[PDB]
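Read through the structure below, which is laid out as structure tokens, and then see the notes.
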Amino acid sequence: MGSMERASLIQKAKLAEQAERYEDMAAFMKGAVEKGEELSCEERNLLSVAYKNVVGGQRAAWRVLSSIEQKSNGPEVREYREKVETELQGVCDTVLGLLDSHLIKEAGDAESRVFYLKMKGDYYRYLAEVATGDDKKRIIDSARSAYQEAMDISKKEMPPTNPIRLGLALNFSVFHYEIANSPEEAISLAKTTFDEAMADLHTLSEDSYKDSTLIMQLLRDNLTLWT
Amino acid sequence: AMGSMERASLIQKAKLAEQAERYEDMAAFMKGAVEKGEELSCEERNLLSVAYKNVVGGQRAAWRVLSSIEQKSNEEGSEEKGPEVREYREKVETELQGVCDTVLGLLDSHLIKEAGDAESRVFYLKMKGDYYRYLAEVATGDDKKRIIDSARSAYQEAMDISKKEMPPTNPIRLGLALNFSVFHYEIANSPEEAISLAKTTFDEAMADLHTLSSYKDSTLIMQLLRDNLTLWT
Amino acid sequence: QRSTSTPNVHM
Amino acid sequence: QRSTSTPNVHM
Ligand SMILES: *CC(=O)NCC1CCN(S(=O)(=O)c2ccc(I)cc2)CC1
Ligand SMILES: [Ca+2]
Ligand SMILES: [Ca+2]
Ligand SMILES: [Ca+2]
Ligand SMILES: [Mg+2]
């Protein structure tokens, strides 16, 4: 990747996206990140979409395999679940590595800092879904810490209906419910987020309306599911 | 290192990979099972076919998207764009070619020679025609001509056996004829032969439908013959 | 627009 | 039914 010009890497990521070749898309965006320039909002979208498609496929496969393994309770299903698990962990480690080495900085606008900290929380959460024992505790603490820092910035620097702030709060509420065994906190965070977002929706730009209303619908649907 | 793995373990892992929608893994497991050097069962032929066709099918869809972008860019003819899409189309094409070469290698090294009945030999020769057809779609120039001839030769040998050895409603025979008709129309620029083959296949199959259990599978391929005939009319 | 070939399903 | 997280769409 390093031999290609930054603009060429970005163009190839967009081509890979059109071709539904998400592993390639992710590798192109990793190369682009490694050039050492900040990412624009469009480029953060490319980065996010690419890696989430890859890890999404892995998570779906791991869930199928883990279900079969539990129902079974020969060696094959355990071996193959371990293989997929190790690949998932590899991808999460690559993303977390990029975030730590290049993307997360004290400098830069609030949107970008919150986006990257949310991403760190998400990828630790995906590691937590497959972890056991003492490692699991450390991983959960890492996710919680990243999400909390992002929440603190978003509350200080972004309006309550901002779609990045909303997506962060949605994902943190999922962390509480599905990872941290904290249903009360999940529900409380989702309800407070929903209400404060609706109270300020009249101030939101038209460019953000579809996105923010999508996230608020998801908060509502989770609230219905959890109650 | 699958050489030392139990055949039964490779087959079980191929079925696991299928349930997990992990088709590259599924195909690698089936390659390992083929390499054990025993004949395949009907279920194993289904696993092999489904795995490799998912892999190559995804590559073919990607190549089609990229080729269209490339052509559109080139036609506009701007002084400044086109190199990236060409290079990435070449990358996908190379990967596609590699998968097709792997399948053709398995057919040649293990499967065709070792088949012990007409039905399975016809299946494998059809598969050989299909993977040369997929190579033909991305080939250019003189290479293209050789590849087209290789596909034609495999399909014709399969057709020769199937007519002598299998009923006209057999789903392997039907799928072979369907695919050979597509070869004629889309690859060899022979619409007359495409239409002739599709019509004969459909009609001969229809005459024997009253005998079938099997009916679902046969009638599905027959419908696709009919759809192609309507399209080519 | 493209002709249909045999589907990728278990027979 | 698992909880739904932020969807993988361009924002
Ligand atoms: C302006 C900018 O940084 N844009 C990039 C997007 C920011 C938000 N993320 S997200 O994963 O937090 C997200 C929020 C809302 C929705 I609808 C989808 C994703 C994606 C990159
Ligand atoms: Ca309820
Ligand atoms: Ca070429
Ligand atoms: Ca016979
Ligand atoms: Mg493990």
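Going through the structure tokens in order, the chains are called A, B, and so on, while each chain numbers its residues from 1 and the ligands are numbered from 1 in the order shown.
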* To do: Residues up to 9 Å from ligand 4, counting only C-alpha atoms and all ligand atoms: could you list those as JSON, numbers by chain?
  => {"B": [117, 118, 119, 162, 164, 165, 166, 167]}
Write the residues of the preceding selection, restricted to C-alpha atoms, as a CSV table (one decimal), in the first residue's frame.
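Saved file result_27.csv follows:
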```csv
chain,number,residue,atom,x,y,z
B,117,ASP,CA,-19.9,-43.8,-13.0
B,118,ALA,CA,-21.3,-41.8,-16.0
B,119,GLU,CA,-23.3,-39.4,-13.8
B,162,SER,CA,-25.0,-37.7,-21.1
B,164,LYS,CA,-25.8,-42.1,-24.2
B,165,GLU,CA,-25.9,-42.8,-20.5
B,166,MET,CA,-28.6,-40.6,-18.7
B,167,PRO,CA,-32.3,-39.7,-19.0
```
* Asked: Neighbours of stretch 103-114 of chain A within 10 Å (only C-alpha atoms; same-chain residues fewer than 5 positions away dropped), as a PyMOL selection string?
  -> chain A and resi 33-34+36-41+44+96-98+119-120+146-147+149-154+156-158+162-165+168
After a least-squares superposition on chain C over all sequentially paired C-alpha atoms, what is chain D as an mmCIF file with C-alpha atoms, in the first residue's frame?
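This is the output file out.cif:
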```cif
data_model
loop_
_atom_site.group_PDB
_atom_site.id
_atom_site.type_symbol
_atom_site.label_atom_id
_atom_site.label_comp_id
_atom_site.auth_asym_id
_atom_site.auth_seq_id
_atom_site.Cartn_x
_atom_site.Cartn_y
_atom_site.Cartn_z
ATOM 1 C CA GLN D 1 -29.984 -8.913 -19.403
ATOM 2 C CA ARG D 2 -27.461 -11.765 -19.255
ATOM 3 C CA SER D 3 -28.553 -15.371 -19.822
ATOM 4 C CA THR D 4 -29.279 -17.387 -16.647
ATOM 5 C CA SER D 5 -27.131 -20.425 -15.835
ATOM 6 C CA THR D 6 -27.678 -23.301 -13.368
ATOM 7 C CA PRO D 7 -28.267 -21.803 -9.897
ATOM 8 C CA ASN D 8 -25.910 -22.301 -6.984
ATOM 9 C CA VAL D 9 -28.211 -24.448 -4.870
ATOM 10 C CA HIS D 10 -27.900 -27.961 -3.462
ATOM 11 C CA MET D 11 -29.361 -30.488 -5.939
#
```
* Asked: Taking only C-alpha atoms into account, what are the residues of chain A at most 8 Å from chain B, put as a ChimeraX atom specification?
  -> /A:8,11-12,15,18-21,60-62,64-65,76-77,80
Generate a file of the selected residues that holds N, CA and C atoms, formatted as a compact mmCIF listing (two decimals), in the first residue's frame.
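Done, and the output landed in out-v8.txt:
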```txt
# COMPACT_ATOMS: atom_id res chain seq x y z
N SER A 8 -4.71 7.80 -4.61
CA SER A 8 -4.96 6.54 -5.29
C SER A 8 -5.57 5.53 -4.30
N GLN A 11 -9.22 6.49 -3.81
CA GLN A 11 -9.98 6.10 -4.97
C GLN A 11 -10.22 4.57 -5.01
N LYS A 12 -9.19 3.78 -4.71
CA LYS A 12 -9.30 2.32 -4.71
C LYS A 12 -10.26 1.87 -3.60
N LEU A 15 -13.69 2.28 -5.07
CA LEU A 15 -13.91 1.21 -6.04
C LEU A 15 -14.22 -0.12 -5.35
N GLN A 18 -17.78 -0.20 -4.11
CA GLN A 18 -18.73 -0.42 -5.19
C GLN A 18 -18.75 -1.90 -5.60
N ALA A 19 -17.60 -2.57 -5.51
CA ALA A 19 -17.48 -3.98 -5.87
C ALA A 19 -17.81 -4.92 -4.71
N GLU A 20 -18.19 -4.36 -3.55
CA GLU A 20 -18.53 -5.15 -2.35
C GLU A 20 -17.34 -6.01 -1.94
N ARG A 21 -16.11 -5.47 -2.08
CA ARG A 21 -14.90 -6.12 -1.67
C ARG A 21 -14.35 -5.42 -0.43
N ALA A 60 -20.84 -12.68 12.83
CA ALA A 60 -21.96 -13.53 12.46
C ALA A 60 -21.54 -15.01 12.41
N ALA A 61 -20.36 -15.28 11.81
CA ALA A 61 -19.84 -16.63 11.70
C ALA A 61 -19.54 -17.21 13.08
N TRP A 62 -18.91 -16.43 13.96
CA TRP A 62 -18.54 -16.89 15.28
C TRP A 62 -19.81 -17.27 16.07
N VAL A 64 -22.75 -18.29 14.82
CA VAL A 64 -23.28 -19.56 14.30
C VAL A 64 -22.50 -20.71 14.92
N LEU A 65 -21.16 -20.63 14.91
CA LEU A 65 -20.29 -21.72 15.30
C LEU A 65 -20.43 -21.96 16.81
N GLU A 76 -14.00 -30.97 16.02
CA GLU A 76 -13.96 -30.10 14.83
C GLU A 76 -14.63 -28.75 15.07
N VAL A 77 -15.79 -28.70 15.75
CA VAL A 77 -16.51 -27.44 15.86
C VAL A 77 -15.72 -26.49 16.76
N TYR A 80 -12.71 -25.14 14.75
CA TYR A 80 -13.06 -24.19 13.70
C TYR A 80 -13.57 -22.88 14.31
```
* Where does DSSP see helix (DSSP H, G or I) in stretch 22-176 of chain B, if you list the residues as a PyMOL selection string? -> chain B and resi 23-34+42-76+83-114+118-138+141-165+171-176
* Two-atom distance - atom CA of residue B:72, atom CA of residue A:7 (Å) ->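 These atoms are spaced 20.2 Å apart.
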* Asked: When the cut-off is 10 Å and we count only C-alpha atoms, which residues of chain A are near chain D, given as an MDAnalysis selection string?
  -> chainID A and resid 41:42 44:46 48:53 56 122 163:164 166:175 177:178 207:208 210:212 214:215 218:219 221:223 225:226
* Asked: Which residues, written as a ChimeraX atom specification, have at least one atom at most 12 Å from residue A:195, with only C-alpha atoms counted and residues fewer than 2 positions away on the same chain left out?
  -> /A:160-161,166,188-193,197-201,216-217,219-220
* Could the residues that lie within 7 Å of ligand 5, counting only C-alpha atoms and all ligand atoms, be listed as a list in words? =>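 Counting only what the definition allows, namely only C-alpha atoms and all ligand atoms, the set is residues 82, 85 and 86 of chain A.
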Output C-alpha atoms for every residue in the selection just made, as a tab-separated table (two decimals), in the first residue's frame.
```tsv
chain	number	residue	atom	x	y	z
A	82	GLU	CA	-11.22	-21.06	17.56
A	85	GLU	CA	-12.23	-16.30	16.73
A	86	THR	CA	-8.49	-15.79	16.21
```
At a cut-off of 10 Å, can you tabulate as a Markdown table every residue of chain B near chain C together with its closest atom pair and the distance in Å to one decimal, using only C-alpha atoms and ordering rows by chain then number?
```
| residue | atom | partner | partner_atom | distance |
| --- | --- | --- | --- | --- |
| B:42 | CA | C:11 | CA | 9.0 |
| B:43 | CA | C:10 | CA | 8.4 |
| B:45 | CA | C:10 | CA | 9.4 |
| B:46 | CA | C:10 | CA | 5.8 |
| B:47 | CA | C:10 | CA | 8.0 |
| B:49 | CA | C:8 | CA | 7.8 |
| B:50 | CA | C:8 | CA | 6.0 |
| B:51 | CA | C:8 | CA | 9.2 |
| B:52 | CA | C:8 | CA | 9.8 |
| B:53 | CA | C:8 | CA | 6.7 |
| B:54 | CA | C:8 | CA | 7.6 |
| B:57 | CA | C:8 | CA | 9.2 |
| B:130 | CA | C:5 | CA | 9.8 |
| B:171 | CA | C:11 | CA | 7.9 |
| B:172 | CA | C:11 | CA | 8.9 |
| B:174 | CA | C:6 | CA | 8.9 |
| B:175 | CA | C:6 | CA | 5.6 |
| B:176 | CA | C:6 | CA | 8.1 |
| B:177 | CA | C:6 | CA | 9.4 |
| B:178 | CA | C:5 | CA | 6.3 |
| B:179 | CA | C:5 | CA | 5.4 |
| B:180 | CA | C:5 | CA | 9.0 |
| B:181 | CA | C:5 | CA | 8.8 |
| B:182 | CA | C:3 | CA | 6.3 |
| B:183 | CA | C:5 | CA | 9.3 |
| B:185 | CA | C:3 | CA | 8.0 |
| B:186 | CA | C:3 | CA | 7.4 |
| B:214 | CA | C:11 | CA | 9.3 |
| B:216 | CA | C:11 | CA | 9.8 |
| B:217 | CA | C:11 | CA | 6.9 |
| B:218 | CA | C:11 | CA | 9.8 |
| B:220 | CA | C:6 | CA | 9.4 |
| B:221 | CA | C:6 | CA | 6.9 |
| B:224 | CA | C:4 | CA | 6.6 |
| B:225 | CA | C:4 | CA | 8.3 |
| B:227 | CA | C:4 | CA | 7.8 |
| B:228 | CA | C:3 | CA | 5.9 |
| B:229 | CA | C:3 | CA | 9.3 |
| B:231 | CA | C:3 | CA | 7.6 |
| B:232 | CA | C:3 | CA | 8.5 |
```
Generate a file of the selected residues that holds N, CA, C and O atoms, formatted as a short mmCIF file (atom, residue, chain, number, x, y, z; two decimals), in the first residue's frame.
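Ended up saving to part_30.cif:
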```
data_model
loop_
_atom_site.label_atom_id
_atom_site.label_comp_id
_atom_site.auth_asym_id
_atom_site.auth_seq_id
_atom_site.Cartn_x
_atom_site.Cartn_y
_atom_site.Cartn_z
N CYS B 42 -22.39 -37.82 -3.54
CA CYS B 42 -23.28 -36.79 -4.06
C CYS B 42 -23.29 -35.55 -3.17
O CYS B 42 -23.18 -34.38 -3.64
N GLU B 43 -23.36 -35.75 -1.85
CA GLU B 43 -23.32 -34.62 -0.94
C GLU B 43 -21.99 -33.90 -1.06
O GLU B 43 -21.98 -32.67 -1.08
N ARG B 45 -19.98 -33.69 -3.71
CA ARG B 45 -20.02 -32.90 -4.95
C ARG B 45 -20.81 -31.60 -4.80
O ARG B 45 -20.36 -30.53 -5.26
N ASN B 46 -21.93 -31.64 -4.06
CA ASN B 46 -22.70 -30.44 -3.75
C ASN B 46 -21.84 -29.48 -2.92
O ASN B 46 -21.77 -28.28 -3.23
N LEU B 47 -21.16 -29.97 -1.87
CA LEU B 47 -20.33 -29.10 -1.04
C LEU B 47 -19.22 -28.44 -1.88
O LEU B 47 -18.94 -27.24 -1.76
N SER B 49 -19.06 -27.94 -5.16
CA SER B 49 -19.64 -27.03 -6.16
C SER B 49 -20.09 -25.73 -5.50
O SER B 49 -19.80 -24.63 -5.98
N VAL B 50 -20.86 -25.83 -4.40
CA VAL B 50 -21.44 -24.66 -3.73
C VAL B 50 -20.32 -23.77 -3.22
O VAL B 50 -20.38 -22.54 -3.38
N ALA B 51 -19.26 -24.37 -2.63
CA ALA B 51 -18.17 -23.59 -2.08
C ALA B 51 -17.46 -22.78 -3.18
O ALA B 51 -17.35 -21.55 -3.06
N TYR B 52 -16.95 -23.46 -4.22
CA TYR B 52 -16.20 -22.76 -5.25
C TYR B 52 -17.07 -21.79 -6.07
O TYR B 52 -16.57 -20.71 -6.42
N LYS B 53 -18.35 -22.09 -6.27
CA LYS B 53 -19.20 -21.22 -7.05
C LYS B 53 -19.54 -19.96 -6.23
O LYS B 53 -19.66 -18.85 -6.77
N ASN B 54 -19.62 -20.04 -4.89
CA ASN B 54 -19.79 -18.84 -4.08
C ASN B 54 -18.54 -17.95 -4.19
O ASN B 54 -18.67 -16.73 -4.34
N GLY B 57 -18.26 -16.72 -7.87
CA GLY B 57 -19.44 -15.90 -8.16
C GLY B 57 -19.25 -14.47 -7.62
O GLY B 57 -19.59 -13.48 -8.27
N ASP B 130 -17.59 -25.15 -17.22
CA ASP B 130 -18.00 -23.96 -16.50
C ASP B 130 -16.80 -23.10 -16.10
O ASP B 130 -16.86 -21.87 -16.26
N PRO B 171 -31.19 -34.06 -13.61
CA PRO B 171 -30.80 -32.67 -13.34
C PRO B 171 -29.35 -32.31 -13.68
O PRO B 171 -29.09 -31.14 -13.97
N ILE B 172 -28.43 -33.27 -13.67
CA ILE B 172 -27.05 -33.04 -14.09
C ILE B 172 -27.07 -32.81 -15.60
O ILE B 172 -26.44 -31.88 -16.10
N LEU B 174 -29.57 -31.82 -17.43
CA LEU B 174 -30.31 -30.57 -17.68
C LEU B 174 -29.41 -29.35 -17.40
O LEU B 174 -29.32 -28.44 -18.21
N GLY B 175 -28.71 -29.38 -16.26
CA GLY B 175 -27.86 -28.25 -15.89
C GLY B 175 -26.70 -28.10 -16.86
O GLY B 175 -26.29 -26.97 -17.16
N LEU B 176 -26.14 -29.21 -17.34
CA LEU B 176 -25.10 -29.20 -18.35
C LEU B 176 -25.62 -28.51 -19.62
O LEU B 176 -24.97 -27.64 -20.21
N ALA B 177 -26.80 -28.93 -20.09
CA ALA B 177 -27.32 -28.38 -21.33
C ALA B 177 -27.63 -26.89 -21.22
O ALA B 177 -27.40 -26.12 -22.18
N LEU B 178 -28.26 -26.51 -20.11
CA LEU B 178 -28.47 -25.10 -19.77
C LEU B 178 -27.15 -24.33 -19.88
O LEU B 178 -27.07 -23.32 -20.58
N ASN B 179 -26.10 -24.77 -19.17
CA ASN B 179 -24.84 -24.04 -19.16
C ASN B 179 -24.16 -23.99 -20.53
O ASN B 179 -23.53 -22.99 -20.88
N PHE B 180 -24.24 -25.08 -21.31
CA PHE B 180 -23.67 -25.12 -22.64
C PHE B 180 -24.43 -24.17 -23.57
O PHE B 180 -23.79 -23.49 -24.37
N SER B 181 -25.74 -24.02 -23.36
CA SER B 181 -26.51 -23.08 -24.16
C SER B 181 -26.08 -21.64 -23.85
O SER B 181 -25.95 -20.80 -24.74
N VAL B 182 -25.77 -21.37 -22.57
CA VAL B 182 -25.28 -20.05 -22.16
C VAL B 182 -23.91 -19.80 -22.78
O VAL B 182 -23.63 -18.68 -23.25
N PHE B 183 -23.03 -20.79 -22.78
CA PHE B 183 -21.75 -20.71 -23.45
C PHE B 183 -21.95 -20.29 -24.91
O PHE B 183 -21.28 -19.38 -25.41
N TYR B 185 -24.41 -18.72 -26.35
CA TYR B 185 -24.99 -17.41 -26.57
C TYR B 185 -24.04 -16.30 -26.12
O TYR B 185 -23.89 -15.28 -26.80
N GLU B 186 -23.45 -16.45 -24.93
CA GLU B 186 -22.76 -15.35 -24.28
C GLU B 186 -21.27 -15.34 -24.61
O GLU B 186 -20.64 -14.27 -24.50
N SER B 214 -37.68 -35.43 -7.48
CA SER B 214 -36.95 -35.25 -8.76
C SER B 214 -37.62 -34.18 -9.62
O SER B 214 -36.94 -33.40 -10.28
N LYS B 216 -39.26 -31.43 -8.82
CA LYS B 216 -38.92 -30.06 -8.45
C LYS B 216 -37.66 -29.58 -9.17
O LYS B 216 -37.63 -28.49 -9.74
N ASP B 217 -36.60 -30.40 -9.10
CA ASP B 217 -35.30 -30.02 -9.60
C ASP B 217 -35.31 -29.90 -11.12
O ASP B 217 -34.79 -28.91 -11.67
N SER B 218 -35.85 -30.92 -11.79
CA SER B 218 -35.94 -30.95 -13.24
C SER B 218 -36.73 -29.75 -13.78
O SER B 218 -36.31 -29.11 -14.75
N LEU B 220 -37.36 -26.90 -12.37
CA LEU B 220 -36.66 -25.64 -12.15
C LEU B 220 -35.69 -25.32 -13.28
O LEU B 220 -35.74 -24.21 -13.83
N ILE B 221 -34.82 -26.27 -13.65
CA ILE B 221 -33.89 -26.04 -14.76
C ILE B 221 -34.66 -25.81 -16.06
O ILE B 221 -34.27 -24.99 -16.89
N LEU B 224 -35.66 -22.31 -16.45
CA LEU B 224 -34.57 -21.43 -16.81
C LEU B 224 -34.26 -21.53 -18.30
O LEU B 224 -33.90 -20.54 -18.93
N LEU B 225 -34.34 -22.74 -18.89
CA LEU B 225 -34.25 -22.88 -20.32
C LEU B 225 -35.31 -22.01 -21.00
O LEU B 225 -35.00 -21.34 -21.99
N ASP B 227 -36.92 -19.33 -19.75
CA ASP B 227 -36.58 -17.92 -19.54
C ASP B 227 -35.53 -17.45 -20.55
O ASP B 227 -35.68 -16.38 -21.14
N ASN B 228 -34.47 -18.23 -20.75
CA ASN B 228 -33.46 -17.89 -21.73
C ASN B 228 -34.08 -17.82 -23.12
O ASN B 228 -33.79 -16.91 -23.90
N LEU B 229 -34.95 -18.78 -23.46
CA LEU B 229 -35.55 -18.80 -24.79
C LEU B 229 -36.38 -17.53 -25.03
O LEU B 229 -36.31 -16.97 -26.11
N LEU B 231 -35.86 -14.62 -23.53
CA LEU B 231 -34.88 -13.53 -23.60
C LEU B 231 -34.24 -13.47 -24.98
O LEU B 231 -33.97 -12.39 -25.49
N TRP B 232 -33.96 -14.64 -25.56
CA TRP B 232 -33.28 -14.76 -26.84
C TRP B 232 -34.31 -14.65 -27.97
O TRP B 232 -33.93 -14.64 -29.12
#
```
* Could you give me, as a VMD selection string, every polymer residue with an atom at most 8 Å away from an atom of ligand 3, counting only C-alpha atoms and all ligand atoms? => chain B and resid 90 93 to 94 138 to 140
Restricting it to N, CA, C and O atoms, dump the selection as a PDB file, in the first residue's frame.
```pdb
ATOM      1  N   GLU B  90      -7.571  -5.439 -12.611  1.00  0.00           N
ATOM      2  CA  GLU B  90      -6.533  -6.439 -12.859  1.00  0.00           C
ATOM      3  C   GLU B  90      -6.283  -7.283 -11.610  1.00  0.00           C
ATOM      4  O   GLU B  90      -6.088  -8.501 -11.710  1.00  0.00           O
ATOM      5  N   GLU B  93      -9.208  -9.669 -11.236  1.00  0.00           N
ATOM      6  CA  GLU B  93      -9.110 -10.623 -12.334  1.00  0.00           C
ATOM      7  C   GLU B  93      -8.073 -11.699 -12.015  1.00  0.00           C
ATOM      8  O   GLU B  93      -8.322 -12.906 -12.232  1.00  0.00           O
ATOM      9  N   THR B  94      -6.904 -11.319 -11.496  1.00  0.00           N
ATOM     10  CA  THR B  94      -5.847 -12.255 -11.171  1.00  0.00           C
ATOM     11  C   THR B  94      -6.306 -13.254 -10.085  1.00  0.00           C
ATOM     12  O   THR B  94      -6.048 -14.467 -10.184  1.00  0.00           O
ATOM     13  N   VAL B 138     -13.046 -13.221 -18.862  1.00  0.00           N
ATOM     14  CA  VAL B 138     -12.078 -12.188 -18.530  1.00  0.00           C
ATOM     15  C   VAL B 138     -10.855 -12.251 -19.451  1.00  0.00           C
ATOM     16  O   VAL B 138      -9.954 -11.422 -19.347  1.00  0.00           O
ATOM     17  N   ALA B 139     -10.807 -13.261 -20.339  1.00  0.00           N
ATOM     18  CA  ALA B 139      -9.687 -13.432 -21.257  1.00  0.00           C
ATOM     19  C   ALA B 139      -9.777 -12.444 -22.429  1.00  0.00           C
ATOM     20  O   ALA B 139     -10.865 -12.040 -22.845  1.00  0.00           O
ATOM     21  N   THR B 140      -8.600 -12.144 -22.995  1.00  0.00           N
ATOM     22  CA  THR B 140      -8.522 -11.342 -24.214  1.00  0.00           C
ATOM     23  C   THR B 140      -7.665 -12.065 -25.252  1.00  0.00           C
ATOM     24  O   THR B 140      -6.862 -12.925 -24.905  1.00  0.00           O
TER      25      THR B 140
END
```
